[PDB]
């Protein structure tokens, strides 16, 4: 079974393992352990007693930023990234959040396709914002409008 839940202190070591195997340009550890607590809505997805994925999000006013989503390589291309994001989007809506923002590497083909498929729109481009092995890469800033439901 696939269980989506709040990512809490105890979950962080396993999440850091996912961060390090999934991200082609991983955060540092200090940054990773710093994106928790006040105004963070952080989620994990548990596939049969193993963490499969996590997502780091911050809520300010009626907007939010997805700072990070990652599915462990063992669990990728199985639909779990989408399911985790979908559950986050639902939760944001119940919190009154009208827009989810993110930035992504222009070459992260897989991430962009997930986002586009969920209805993210390119908003703005930051040229050569991301460091690579040899030079730089653009950052694509994307926004997802989340329309209001009845409760």
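Positions refer to the first chain, counted from 1.
So 6-14 or 129-137, which one's hotter by mean CA B-factor in the entry?
Mean C-alpha B-factor is greater for 129-137.
Looking at the entry's B-factor column for C-alpha atoms only, identify whether residue 122 ranks in the lowest, middle or highest third of its chain.
For residue 122, the deposited C-alpha B-factor lands in the middle third.
Residue 95 by Cα B-factor - lowest, middle or highest third of the modelled chain
Its C-alpha B-factor, which the entry lists for residue 95, ranks in the lowest third among residues of this chain.
Please rank the C-alpha B-factors of the chain's modelled residues and tell me whether residue 54 sits in the lowest, middle or highest third.
Lowest third - that is where residue 54 ends up once the chain's C-alpha B-factors are sorted.
By the record's CA B-factor, is residue 112 among the lowest, middle or highest third of residues in the chain?
Middle third by C-alpha B-factor.
Position of residue 47 among the chain's modelled residues by C-alpha B-factor, lowest, middle or highest third
Highest third of the chain for residue 47's C-alpha B-factor.
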